[PDB]
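This document starts with two versions of one protein chain, written out as structure tokens and named structure 1 and structure 2.
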Structure 1
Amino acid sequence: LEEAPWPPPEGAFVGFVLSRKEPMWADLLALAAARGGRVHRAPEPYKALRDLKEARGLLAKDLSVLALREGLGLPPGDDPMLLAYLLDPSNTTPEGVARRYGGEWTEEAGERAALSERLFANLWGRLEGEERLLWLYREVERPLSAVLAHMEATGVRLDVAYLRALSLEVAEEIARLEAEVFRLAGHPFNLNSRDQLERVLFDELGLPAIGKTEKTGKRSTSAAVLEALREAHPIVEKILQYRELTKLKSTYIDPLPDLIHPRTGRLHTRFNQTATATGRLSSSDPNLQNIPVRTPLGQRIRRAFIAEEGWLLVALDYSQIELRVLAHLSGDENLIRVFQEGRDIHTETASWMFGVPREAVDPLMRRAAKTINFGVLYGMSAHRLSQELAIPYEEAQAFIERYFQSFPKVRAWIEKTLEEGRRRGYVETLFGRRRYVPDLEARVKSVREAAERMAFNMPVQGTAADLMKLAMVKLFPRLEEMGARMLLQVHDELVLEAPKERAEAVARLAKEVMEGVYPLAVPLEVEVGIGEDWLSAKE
């Protein structure tokens, strides 16, 4: 290009280089911004941030978070990554976008800046006429990048000392199981090694191999596999317990405390805006969208996430979100009436499994019905359902036949979605967010049908993601007026942090904002709870 003197002109496309991928832990190595025929490089990166008024370019949110870390108000402007992601959800990284639309993602701030300008021109040029994508960009994604920036920079408080002592506790319980797995095995080995375990269970012990692995075709030792052999030998019962514990200790209990930022005393996740194929968000380093909740030990980990002194956590989750979305998208008179009568499909389905009244269904029994109702909905097999519920295959198939018979309009939408998908080559959400499926007309029955399940799942899951995103955009400005913070987003759940005084008012406000974000043919009811910790905030 051409060397220009810092600062750059108003609205120059910025390019930056970090020491590591986490903006909260990264050192701003280099900083530059591209203008028409100029490069505008910076001498000192941290001082150069003071000159900028807006971050426009590739990964705009990342630099914004780093600036927001240094107490700087540097909002996220245009981001070509957002443009490419809307053009195609496949475009997830700058490395994949640049080579597709003329350019090369490098490690130079100036060349990264230059790319951001030219990539903008191509992508914004290809976004002409796509008013459904433009509306989804200007009114949702582009504002959301600002909200996510404040969320990542804020972070969530974690009870360090609690998890520390909890680690030593789980440790002794792991050694007990491990010692109780060795004796039955007759010898010691690596329980973490599925290879060594496979030999012990199937070659040494007389246990039957029930499943194979995908890539290598080895005898599987998965949970579902061991679940079937839970009475074939007592060692299997203990392995499942060992699996659960080491899983929680190696993923959450141990890593999370060492992820606390020294200057904030909080946990800072990354909300990837262009990572999923359905339009969902993504949480990484650390993943705060997969904090355990199912098991008792998992709930103990959940309580480690607490509010700041004098503050309270406020959790809001859309009740039966995709089922309501499905009711709006399909227009099933029976399904719409279900919610209009204030029914709970998860509760009734759990009432059928355990053979108990709807009132006898506890919060843990109902949750187990989610994977079944959602499973069956998106093409689960009667075989798989039979084994999970420990019921005969004849009883499992009867559920599916009865499940889709309660609502004789959903399948009309499913085939409609697939047919429209085979014609256009892509399925779209309620707002217009499209996903290109290239195997709807595949010749292989496996490849074709697998692409089909991805095809009609995208509009329902994607719509829910769209509604949540739009809700966050409408809700966030209201938070700053009441001194409230937006902490986490869990697909259909929002975790807020408000002062103890107005914590009640925030919950009532946030609930109403989320319920009326986009009125459908079905009411979008939201369950809200206030607690001193995350687990308490959902009870």
Structure 2
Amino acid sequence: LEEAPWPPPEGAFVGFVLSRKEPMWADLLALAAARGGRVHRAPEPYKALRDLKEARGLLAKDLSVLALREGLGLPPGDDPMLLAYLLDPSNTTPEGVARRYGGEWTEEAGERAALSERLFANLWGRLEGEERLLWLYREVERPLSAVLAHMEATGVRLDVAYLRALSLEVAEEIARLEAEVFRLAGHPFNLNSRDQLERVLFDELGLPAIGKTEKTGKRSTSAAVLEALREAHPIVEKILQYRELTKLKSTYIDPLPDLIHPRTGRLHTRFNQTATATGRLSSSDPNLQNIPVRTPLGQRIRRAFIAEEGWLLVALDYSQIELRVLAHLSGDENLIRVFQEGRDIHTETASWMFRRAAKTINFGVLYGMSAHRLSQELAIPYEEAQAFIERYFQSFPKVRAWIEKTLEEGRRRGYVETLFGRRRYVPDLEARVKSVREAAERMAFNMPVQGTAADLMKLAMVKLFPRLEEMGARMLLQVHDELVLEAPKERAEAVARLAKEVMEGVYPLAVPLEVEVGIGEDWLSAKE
């Protein structure tokens, strides 16, 4: 309540306001600090930002990123958001956290500062006795905050000219497809409108409408529905190609070039730390965790991500991290042997259940896929699909046992846990409507494996980052079970070696963790 002049005492909680949500692009409108119960408001923010030793408060990372932008080394420290997020992943927003635990998220810097000091005490207390959740805060989450700050502030270098050339070329190909579609349509119309396209296909042309949209109940025109109509008419062939190009052009090719920062000449994403229910990171503004890789055009877009002059990119990907984690949690002897002997999984899992059929189940068992789905995709009847599943479990029994065990606990305790003890509360496991319940169950037993893979990758980044500094290298991107680094080409070899070891042995399980590494000048070449 008391107002002392700037600056504040040591260890004060920071509050701040931005002109916009992206710290790399925002203008610092005001900052303040709180300690004990009194507030310190800065006359001139950018100047005053140098008096601080660490950014400590709600959204600590954001301010830290902006400080880095200004050439200031202001590391992020404590953040009540991370405490609330560990107590319950559904706590994803300051406004929400405040409205739940107390206080009010306003747009006045001083008010935000006081809010941080109070909410921190509150939540830090609520974390009394919860040692495993406390271990995650000290040893993983809080330290990762500072790593992510350097990733966002470093950005990635982009080949802008390359994407300009590619935009025109792709624009050229879209023109040919739009044309031949209008020809078979008998008239022109908006192809980007699924409402217009529904009419031409299912009414004008005499095509069968197989499925409906969720909320409104219209005849769907999704790629699945379309693929099924591939034989009925040559028009859908071209529409499927049209969608492919438009998607890749509207989302990646056109926008990314226009998001280069002038001060850096690089592209800057945001890594959100309290955004998912399983403990995963998410990415936005822009999302660099969903850059295309599959199709030919998609691969060309990924070549536009390049290293600095005199530097190389280093790409490290875990192999079947989620399946290897399931082996550890399930304790299933057989599945462990497959990994322990270091053999190709999707062939050994076939041999020990009697190729294609082997993969789809391993992929889908984590998601608890429908017996009808395996029948639909693998192009096999319902009974053969339904039998294969029972056959998979007869081979890996402790897996099925682990699923049933997991759900029983979730019904009793109200939550499920990862190996390190990250909680997700899943309510409707005792729902009396089967579809609601069985949906909640799928959410339930998946969380520990996705969440445990997320814990290991997070922990590796924490351990790796100090080592990269000793060698003058950088952490650039993260894609759930992948990392992209940047080293000087003189030392990139050694960095790839060390990074691999750090990731693999981050937390020895019942099986080994394997990492595939590659070095290239662009994101694409650094894998092939």
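By rigid core we mean the largest C-alpha set that fits within 1.5 Å across both forms. By convention here, residues take numbers in order along the sequence of structure 1, the first being 1.
S.K.: Fix the rigid core, compare C-alpha positions between structures 1 and 2, and report which of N290, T264, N192, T371 shifts by 2 Å or more.
M.R.: The answer here is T371.
S.K.: Does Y403 show a Cα shift reaching 2 Å between structures 1 and 2 after rigid-core superposition?
M.R.: Comparing the forms between structures 1 and 2, which are aligned on their rigid core, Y403 does shift its C-alpha by 2 Å or more.
S.K.: After a core superposition, would you say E107 shifts its C-alpha by at least 2 Å between structures 1 and 2?
M.R.: It does not reach a 2 Å shift.
S.K.: Honestly, after the rigid core fit, is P392 moving at least 2 Å at Cα between structures 1 and 2?
M.R.: It does shift by 2 Å or more.
S.K.: Please state the CA displacement of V160 between structures 1 and 2 in angstrom, with both forms fitted on the core.
M.R.: Between its two positions, the C-alpha of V160 lies 0.2 Å apart after core fitting.
S.K.: Once both forms sit on the same core, give the Cα displacement of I345 between structures 1 and 2 in angstrom.
M.R.: Its C-alpha shift, to one decimal, is 3.3 Å.
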